[PDB]
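K.L.:
sequence below, structure please.
(9 chains, ligands or ions: 1)
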Amino acid sequence: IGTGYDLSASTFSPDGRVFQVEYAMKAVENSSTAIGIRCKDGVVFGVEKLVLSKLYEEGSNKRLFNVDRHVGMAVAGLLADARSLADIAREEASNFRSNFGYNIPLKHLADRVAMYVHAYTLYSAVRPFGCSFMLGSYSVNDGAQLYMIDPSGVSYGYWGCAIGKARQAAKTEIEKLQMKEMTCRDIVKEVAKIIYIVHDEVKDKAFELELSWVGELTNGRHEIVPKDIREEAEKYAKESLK
Amino acid sequence: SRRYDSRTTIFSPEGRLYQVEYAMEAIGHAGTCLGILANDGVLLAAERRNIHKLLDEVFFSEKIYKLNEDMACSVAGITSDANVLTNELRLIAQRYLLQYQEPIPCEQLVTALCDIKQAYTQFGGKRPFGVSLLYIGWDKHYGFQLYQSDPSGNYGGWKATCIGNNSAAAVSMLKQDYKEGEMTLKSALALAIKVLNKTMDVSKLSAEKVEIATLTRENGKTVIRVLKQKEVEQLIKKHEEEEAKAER
Amino acid sequence: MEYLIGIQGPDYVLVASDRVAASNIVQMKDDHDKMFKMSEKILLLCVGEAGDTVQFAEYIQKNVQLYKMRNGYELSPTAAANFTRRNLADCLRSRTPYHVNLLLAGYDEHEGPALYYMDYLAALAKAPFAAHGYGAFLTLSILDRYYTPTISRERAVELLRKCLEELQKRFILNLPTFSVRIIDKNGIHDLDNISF
Amino acid sequence: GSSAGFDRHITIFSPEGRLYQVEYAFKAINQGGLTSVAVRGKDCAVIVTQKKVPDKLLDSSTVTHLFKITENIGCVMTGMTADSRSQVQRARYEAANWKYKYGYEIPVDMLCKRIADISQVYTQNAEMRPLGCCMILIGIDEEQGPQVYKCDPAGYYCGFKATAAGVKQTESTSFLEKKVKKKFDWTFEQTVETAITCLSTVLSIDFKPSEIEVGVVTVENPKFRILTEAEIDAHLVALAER
Amino acid sequence: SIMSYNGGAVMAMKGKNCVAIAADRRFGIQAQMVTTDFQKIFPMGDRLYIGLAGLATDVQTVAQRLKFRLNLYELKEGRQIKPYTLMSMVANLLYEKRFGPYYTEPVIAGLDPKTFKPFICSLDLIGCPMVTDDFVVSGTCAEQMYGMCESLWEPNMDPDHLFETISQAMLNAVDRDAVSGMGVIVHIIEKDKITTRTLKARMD
Amino acid sequence: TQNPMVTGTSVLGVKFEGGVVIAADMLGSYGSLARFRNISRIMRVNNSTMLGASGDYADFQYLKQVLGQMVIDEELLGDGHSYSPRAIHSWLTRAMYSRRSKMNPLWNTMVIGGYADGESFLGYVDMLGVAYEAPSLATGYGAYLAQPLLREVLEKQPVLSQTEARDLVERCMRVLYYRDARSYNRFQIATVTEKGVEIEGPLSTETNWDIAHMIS
Amino acid sequence: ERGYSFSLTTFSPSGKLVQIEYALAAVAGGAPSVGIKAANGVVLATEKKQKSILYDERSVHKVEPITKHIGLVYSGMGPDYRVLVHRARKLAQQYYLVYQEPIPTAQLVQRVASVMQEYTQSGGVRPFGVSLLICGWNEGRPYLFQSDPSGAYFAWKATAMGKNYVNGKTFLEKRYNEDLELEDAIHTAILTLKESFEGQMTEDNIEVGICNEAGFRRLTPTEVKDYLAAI
Amino acid sequence: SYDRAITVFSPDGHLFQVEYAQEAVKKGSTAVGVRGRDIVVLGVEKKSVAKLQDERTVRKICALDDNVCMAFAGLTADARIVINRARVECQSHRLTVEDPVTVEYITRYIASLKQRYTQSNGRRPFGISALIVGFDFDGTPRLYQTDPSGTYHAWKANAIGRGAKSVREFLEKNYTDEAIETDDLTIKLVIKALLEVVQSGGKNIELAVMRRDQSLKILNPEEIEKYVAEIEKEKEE
Amino acid sequence: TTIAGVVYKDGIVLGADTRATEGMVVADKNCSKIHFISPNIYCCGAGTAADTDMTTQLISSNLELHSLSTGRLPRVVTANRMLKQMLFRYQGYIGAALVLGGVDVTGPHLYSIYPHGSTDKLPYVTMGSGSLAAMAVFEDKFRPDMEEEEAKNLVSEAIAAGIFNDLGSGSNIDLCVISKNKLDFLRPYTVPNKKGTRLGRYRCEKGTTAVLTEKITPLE
Ligand SMILES: [K+]
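P.N.:
Numbers count the residues shown, from 1 in each chain, chains lettered A, B, ... in the order given. Here you go:
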């Protein structure tokens, strides 16, 4: 379906499909799954960061960025475009704080970055970003927020979302949760469980779980999950995986 | 985007500019405009192609454009490109007048407009101006002049030339009938009517289908006067009498 | 201050200029030529602030020569004068104005002799005779007293020598030698310098 | 439907004078899968859109098509979501700039014309594609009363007594035409009745209150208001009793 | 001041179906006459003239640029310009340089090319039109021009009396101004002829 | 800032064994008027450095915004490396020099104090980009009034304890309140240690006026 | 962001700008528009056949005033007509600011034609898909012009453009003379529209504008009712 | 602004746009130039012999300066552009360096301009080849050509345009120390070179001559006819 | 220059003198200073005559284009906002002192726009050189919701006070009565001053002026 109308994001297919954006989405669904779940007191991210060669250091090619003092960012797809969008989000938050004098609401940061990525879905001189990403923040006066932005540029709030190869399975297993009533200390455990379930040990041999939450436990600061809590979460996930 | 680029300003494998050639075909299908250089004047005769009787023809002329105090031009080709070119010609003539406080020599104005056309066939990717013009003028250097211009930016000083539909036949007739340095204004007008008779074969050459303007010098002032309907009718009737007399 | 003078006869334009180039209480040069041959029948006598004069004269000279090469016919003295005025007036309100006082002498086959006067503001004026510098004040009275429209070239030279003698007698600055050129239908002719 | 050259790829004329990219943009509007219905009455304007929640993990508060342009103008967007958000951001900017430059609030027709001019620019130039989204603006004019306006990718705008856009705009248009021809002096209640009835009879759903969105403006209350679940449920109950 | 560098003097006066424009002919530098035949009144049509006074360089630049614009306007529209449209054109040209203004105050004097109703106006150096029914003057001796014109102008004059009045006004005004004078040129624009004639003035 | 509008007066600083201490009063004066009486002129740039600024409080606020955002971005990177007090001093010097070169000076004279890697840092930077390090720094009228006492203490005793440094700063600020027309009684004291940056205030200095009865 | 810099309109091997032909095809596929120059005015008429009763006829207009004495109507793509109307209003205002005189209708037509020419040759743009009929009264004489997508403007005494424009032109050619007053011109324009109108033509499905010594004005629906009843 | 790369390297390393400009040159009128002892001669073929034309306006030999002049083969308008820039550069060099331009300097300028159009974005190469002749200040005659590729060489005699190869072979066989002994011999050599390709003698020859300390001179048709007659007698024997 | 405006029961009465000066010497005796901004809005002009003329013309063209686009009567607030923003942009270098008044859908509105961009919405505003006298007359006699004739007489008195007590104002009084239903441009409303009748005869007989050269140029 294409071969004549899929050469530029500035071209509509006879049935009104911008095929370049769909190919960017195809790119992002061929990447390791990153999940995020929103609970009462924050949002916990999780990444099945594959290790392509063991020559890399633990922590190479992080997919859990930190775009502002209170906003995290999980990414899937092309990592170069993910880092570029992370810098765009960082610049947007910085400009917001400089002009309006307070922290950017995530409902606005998501909109700004989504419009930035939408600007690349219109012109033949540029190409759509090949990365869908999640943003998560918690502030006492606005609560926990979780948003997804895809290559098209659509932003929606999620009580839990998955991006990558195993989006469907991860969402199916997330729905079994009751995240609206749970806390971060348990949501991290369940995020590890979900990542280990959706991972396949036969096609992609090895991966390291990269976790990070932002919430009341961390005073709104988005931090990588402490090493001991990550060890406990992986221990639970492995025991559950039996 | 290279996919959609028409590559207007590039060379052909055989070394020719297709866009200029296509514009020249367009001009060759356009209205006939011929000019004849006489000893005491120079005239432009132009076939009008829009003859429909619901036209008003408010302006000074429909083909002949006054470029400055001492010069005029005609057009064969696209009318809108003609309008932009004639505006540019007026700007160039007035820029010389401002810079030197004297009228622009005709060849300089032709050269400037032709340089602009060359620019449009050299760089920028824009399509050329599909307009061939036919200049008539006077200056204190070379007297009465007649100039042709091409979309490629070429120009030539002509003593009798025709641009437009049936241009080759008109050029052949002019070559046969033009008398060197011995052609007065009335002789040139008669020759123009005769040439337009064999050029507008289908239209039978009524006086409503031709626009004639003469550039002469009177008391040190150049006068560019579009021939009236009455006197174009007189020219046509005289040519008809001469054609009938040829049978005798 | 430098000196220029021009006398337009029936068939010539006689122009003279001092040859002193002083940049202090001392005269650095005594054979300075402040006349620029813009064409075979045009002379631009340029004085004014240093640096501006040579640059502006050479600019107008380049443009006149370019016109000659590009068209095959020379600019008339009237056309060259108007071009010079246009350039000076355009640069009047620019960031780099030219402070030059000008005399443009020329001959044309039809217009005949022409003498043009331009101040540093670019105010053009065709005059039978003109002068620049503080010596104009001393010499223009003599020009008014003795000039007639049908003056011959020998009488014009005599009148010009009267002006230069007046400068030598009642003017503080020491201008010993003056260049003398005449533009006739044959072109620009170098006459002997008037010295003292 | 002849074709020569790139007329199906960039916005240049087909031999019959048709711009195929614009029609493909209309197909893109259809691609959203949703339909929207707007109808104006004696002293009110109502926009009702189809609210679908494909996944229970979404925050339904963040999945909306009714957007508040200004304090007095509403907007329902049908088509590609990112393009619709771009268009609503542009409409907000134009309205705010109108207030800043001219000192009075923008009329609905003026805003629709500005957005339609931007759309025309899209359908004139060749490097950007048209936005595959349709805007239906509503508001109360000081002199002319309720306003319902629509702008499509072609750059066309017009005021409507009642209109619709989306996957089922033809059936909804026919139904609203049959209701308009009667001219039975619409009130606020009757306007919301006819909007919801049109949407339901065209989609054959019989909505519960959470499957639609209603946004209203009124002469008494010119404020744009997005009806909550209670009001929509009350109107639906009013439908049921009849 | 900058206007008194080269002097200058122009006035215009209305009559009955005829209009007058007058100017001095002196070009000088603050004390020193250079030429006695400077052109300060320029023809902008068959029956329309503009008279520039002020800085000589700006006089010439404005006249030439206005001729530029007017020639382009006439060619594009195919009609001789109306005097009111000429005044608007001059106002726009002089307001383009509002912060670098040409130091000229033009006077426009002509007849409607369809009605032949006389028109006189003046503009300031930054483009403020002033259409009067009696007389407009501009120059470094404007006060004398006002005095003479107010004492002399009478409505509905024939071209003879119009010429006499403008001539006496200009002559006696420039005789009391040191930097303007050395001959006076007057044009009497009429329905079917222009008569330009030069006066016998004081040359001191 | 070609001319200042609301200016802060002297800001002090003395190194000691384990960090530095900087004190500045809480006043922003509009010329002679003491307009804003409880404004803080000490910034905690990060866990290791602090910044007290004299001069225009608007330019100080702008520079506080820029430095805070820079530290926020640094923390966002989360790669272990952090801005040393030396790095903050160098960046501040470059910014002020760039602003003088554009003839738009930041009308502040600033004291940067820090404690990183077991070394105490006290830094100076003015609107013209003059920068240096000294055991004790005083700005404005503090340089004439407070700095002599600081130097006469640190020349005899090169290294001071925390309590000795605090007492010396309190005495110097008392002298400044005595003999500076633009001083205010209320002030803050900020100290950097291994523990971080702690700002104490609003402190007030006790004053003696027993020479009032002597004067007649 | 940067647009294309090459002409989308180029000369075909036949020696003809096919894009202008296709724009003229779009013009010929639009709603009919007619213009008749009376001795004391000129009438501009076009049909407003909305495709449902839902459209508010008073919301958008096809006969748009430009100055107090110039109006225009089109036959083609409405959005391009809106763009050209805005540009023509800008040009008229610029002329008024320069010359303090209402812009001559011929000058406005020339400037609009220049804009059309620009879009014929400029880079990355397609020609306008509208032919305009610019009407105006100035210099004590009515005017009527037609500007094709290429930017070529023709002075006309009576013309029809859009669907059945050749048959409408034949109609006008048969039934137009010099001495027509404005009322006769309005009647003849309504008949010319009727010649191609499908179904009953009413007040809201035609839009008629006139310009005379009093200036240009759209005819209100009541006046159109009065003129329609006269048939 | 347009920034497409019109001239790009093709496989086998050819710049097709330059080759196409050279092909356009090959279709231009034949131009011949010969360097003599004390005279330099340029000659061009006139296929445009048509008698209703003003000969002044289609001259293919233009004076770049008082001491430099050129003749071209290829597109006429590109030649006009290059000639105008060459004249501007001549006058600029005369202002800045006080002296008249040497032939090689303006040849280098023209070659550099053509090469820049060969390699710059969004413009085609000049479809003209030139023959830049003239005299240096030291009185040494010169003759150069500038092909569309931008390469300039010095030639004792050369031909550009159609029949360049034929006229080049003729010049190779007929350029000796004796054939340029006098001015008339050089004139006749150039005319004989043209006669190898022109349809009819005299009427289809434009011939300009430049000698020391004299401007370019356009030989009138009568002089061309008398010269051609002299070659006719010389060929009879 | 003296320009005054007042809000009466049904609209705006705008007044202005007709004297323009270049220094202490009068240049124009019948200059028009109530400018046309739109059919419902007029602007009195003070300050630099060229500046006020050009700003009023530009805003009138902008407002005409705006009205054509919107198909509505221009609003006075719109003209005020354009004028104040454009004057602020020029930072006082456009010395346009203006009294803006007009009647729109929201009712009568009177504005006083200063060169630097300041605007004062007031029931009565006086600007110009003779603003003090007009403002004194206003403060003495202005009462809210006056009838048409009373407001017209008040503005006439204010402009007259500007004329007779300021050397930079005089030679006539112009009024503009803007109401919901009608516009009245009274030029001139009163003529409080008139040049006296010339007593002596100074007519120049033909032949008085000596002519050196002459050239007749006959025309069509
Ligand atoms: K497009």
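K.L.:
skipping adjacent residues, who's closest to the residue in chain H that chain I sits nearest to in space?
P.N.:
Residue nearest to chain I within chain H (CB to the nearest CB): residue H:1, separated by 30.7 Å. (Each C-beta comes from the backbone N, C-alpha and C, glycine too.) Spatial nearest neighbour of residue H:1, excluding adjacent residues (CB to CB, 6 or more residues apart in numbering or on different chains): residue G:5 at 6.2 Å.
K.L.:
what about residue H:11, neighbour count?
P.N.:
Summarising burial for residue H:11: neighbours were counted as other CB atoms under 10 Å in any protein chain shown, giving 5.
K.L.:
now it: phi and psi?
P.N.:
phi -60, psi 150 (degrees, to the nearest 10).
K.L.:
next: the one 5 residues further on.
P.N.:
According to degrees, to the nearest 10, the main-chain angles of residue H:16 amount to phi -60, psi -40.
K.L.:
where does the residue nearest to residue H:1 sit, in terms of helix or strand?
P.N.:
Using DSSP states H and E, residue G:5 is not contained in any helix or strand.
K.L.:
looking at the chain, which helix is longest?
P.N.:
No chain in the question, so chain A it is. For chain A, the helix that runs over the most residues, judged by DSSP state H, is helix A:79-100.
K.L.:
hmm, no, I was thinking of chain I.
P.N.:
Taking DSSP H as the assignment, the helix of chain I that covers the most residues is helix I:49-70.
K.L.:
kindly report the same for chain H.
P.N.:
helix H:76-97.
K.L.:
repeat for chain B
P.N.:
Across chain B, the helix with the greatest residue count (assigned by DSSP H) is helix B:79-100.
K.L.:
for that helix, buried residues please.
P.N.:
B:79-87, B:89-90, B:92-94, B:96-100 (16 or more other CB atoms under 10 Å in any protein chain shown).
K.L.:
these two touch, right, residue E:111 and residue E:47?
P.N.:
Yes - using CB atoms under 8 Å as the test, residue E:111 is close enough to residue E:47 to be in contact (4.4 Å).
K.L.:
joint contacts of the two?
P.N.:
Overlap of the contact sets of residue E:111 and residue E:47 (by CB atoms under 8 Å, 6 or more residues apart in numbering or on different chains) consists of residue E:189.
K.L.:
what about the host helix or strand of residue H:73, near chain C?
P.N.:
Element membership for residue H:73 (DSSP H and E) is strand H:68-74. No - Strand H:68-74 stays out of contact with chain C when judged by CB under 8 Å from any CB of the partner chain, the minimum separation being 10.0 Å.
K.L.:
which strands and helices lie in contact with that strand?
P.N.:
Based on contacts counted as 3 or more CB pairs under 8 Å, 6 or more residues apart in numbering or on different chains; DSSP states H and E, the elements that strand H:68-74 packs against are helix H:16-26, strand H:31-35, strand H:39-45, strand H:61-63, helix H:76-97, helix H:103-119, strand H:128-135, strand H:205-211.
K.L.:
coming back round to it: how much space between the residue nearest to residue H:1 and residue A:124?
P.N.:
13 Å (CB to CB, to the nearest Å).
K.L.:
what of residue D:236?
P.N.:
47 Å.
K.L.:
more crowded one of the two?
P.N.:
Each of residue D:236 and residue A:124 had its neighbours counted (other CB under 10 Å), and the higher figure belongs to residue A:124 (21 against 18).
K.L.:
does that one touch residue B:2 like I think?
P.N.:
No - assessed by CB under 8 Å, residue A:124 is found out of contact with residue B:2, at 10.3 Å.
K.L.:
need the residues touching each of the two.
P.N.:
Residues within reach of residue A:124 and of residue B:2 at once, by CB under 8 Å, 6+ apart: there are none.
K.L.:
near residue H:222, how many other residues are there?
P.N.:
Counted with other CB under 10 Å, the burial measure for residue H:222 works out to 9 neighbours.
K.L.:
quick one, what contacts the closest residue to chain D within chain B?
P.N.:
Among the residues of chain B, residue B:4 lies nearest to chain D; the distance is 5.6 Å by CB to the nearest CB. Residues in contact with residue B:4 (CB under 8 Å, 6+ apart) are D:6, D:9, D:10, D:126, G:4, G:6, G:8.
K.L.:
could you count how many residues lie near the closest residue to chain I within chain F?
P.N.:
Of all residues in chain F, the one sitting closest to chain I is residue F:2 (17.3 Å; CB to the nearest CB). Using other CB under 10 Å, residue F:2 is surrounded by 7 other residues.
K.L.:
now do the contacts for it.
P.N.:
If you count contacts by CB under 8 Å, 6+ apart, residue F:2 has them with F:104, F:105.
K.L.:
okay, strands next: where are they in chain E?
P.N.:
Taking DSSP state E as the criterion, chain E carries its strands at E:9-14, E:19-24, E:27-29, E:32-35, E:41-43, E:48-51, E:107-111, E:118-123, E:129-131, E:135-139, E:184-189, E:193-199.
K.L.:
all strands for chain B, in order.
P.N.:
Using DSSP E, the strands found in chain B span residues B:33-37, B:42-47, B:65-68, B:71-77, B:131-139, B:143-149, B:155-157, B:160-163, B:210-218, B:221-226.
K.L.:
re the thing from before, which elements pack onto the longest helix of chain B?
P.N.:
The elements that helix B:79-100 packs onto, with contact taken as 3+ CB pairs under 8 Å, 6+ apart, are strand B:65-68, strand B:71-77, helix B:106-120, strand B:131-139, helix C:77-92, helix E:56-77, helix G:105-121.
K.L.:
got a list of what the spatially closest residue to residue B:20 that is not a sequence neighbour touches?
P.N.:
In space, and not counting its chain neighbours, residue B:20 is closest to residue B:152: 4.4 Å by CB to CB, 6+ apart. Under the criterion of CB under 8 Å, 6+ apart, the contact partners of residue B:152 comprise B:17, B:20, B:117, B:118, B:121, B:128, H:75, H:76, H:77.
K.L.:
excluding covalently adjacent residues, which one is nearest to the fifth one?
P.N.:
With sequence-adjacent residues excluded and distances taken as CB to CB, 6+ apart, residue B:121 is closest to residue B:128, at 5.0 Å.
K.L.:
also the fourth one?
P.N.:
If the residues on either side of it in the chain are set aside, residue B:118 comes closest to residue B:153, at 3.3 Å by CB to CB, 6+ apart.
K.L.:
next, the residue in chain G that chain F sits nearest to: secondary structure please.
P.N.:
Shortest chain G-to-chain F distance, computed as CB to the nearest CB: residue-wise this is residue G:1, at 27.3 Å. The assignment at residue G:1 comes out as coil when based on DSSP: H, G, I helix; E, B strand; the rest coil.
K.L.:
burial measure for it, as a count.
P.N.:
Other residues within reach of residue G:1 by the criterion other CB under 10 Å amount to 9.
K.L.:
now for the single nearest residue of chain I relative to chain D: which residues touch it?
P.N.:
For chain I, the residue closest to chain D is residue I:77, as judged by CB to the nearest CB, at 3.7 Å. Residues counted as contacts of residue I:77 (CB under 8 Å, 6+ apart) are D:102, D:103, D:104, I:104, I:106, I:109.
K.L.:
against chain G, how distant is the spatially closest residue to the second one that is not a sequence neighbour?
P.N.:
Read that as residue D:103. The spatial neighbour of residue D:103 that comes closest, neighbours along the chain excluded (CB to CB, 6+ apart), is residue I:77 at 3.7 Å. As judged by CB to the nearest CB, to the nearest Å, residue I:77 and chain G stand 21 Å apart.
K.L.:
with residue F:147 instead?
P.N.:
Here residue F:147 is placed at a distance of 57 Å from chain G (CB to the nearest CB).
K.L.:
cool, and residue E:11?
P.N.:
Counting by CB to the nearest CB, the gap from residue E:11 to chain G is 24 Å.
K.L.:
ok, which residues in chain E are in contact with chain H?
P.N.:
Proximity of chain E to chain H is assessed by CB under 8 Å from any CB, with no residue identified as in range.
K.L.:
residue of chain E closest to chain C, please.
P.N.:
Residue nearest to chain C within chain E (CB to the nearest CB): residue E:56, separated by 3.7 Å.
K.L.:
one more: chain D?
P.N.:
Ranked by CB to the nearest CB, the top residue of chain D for proximity to chain C is residue D:101, at 33.9 Å.
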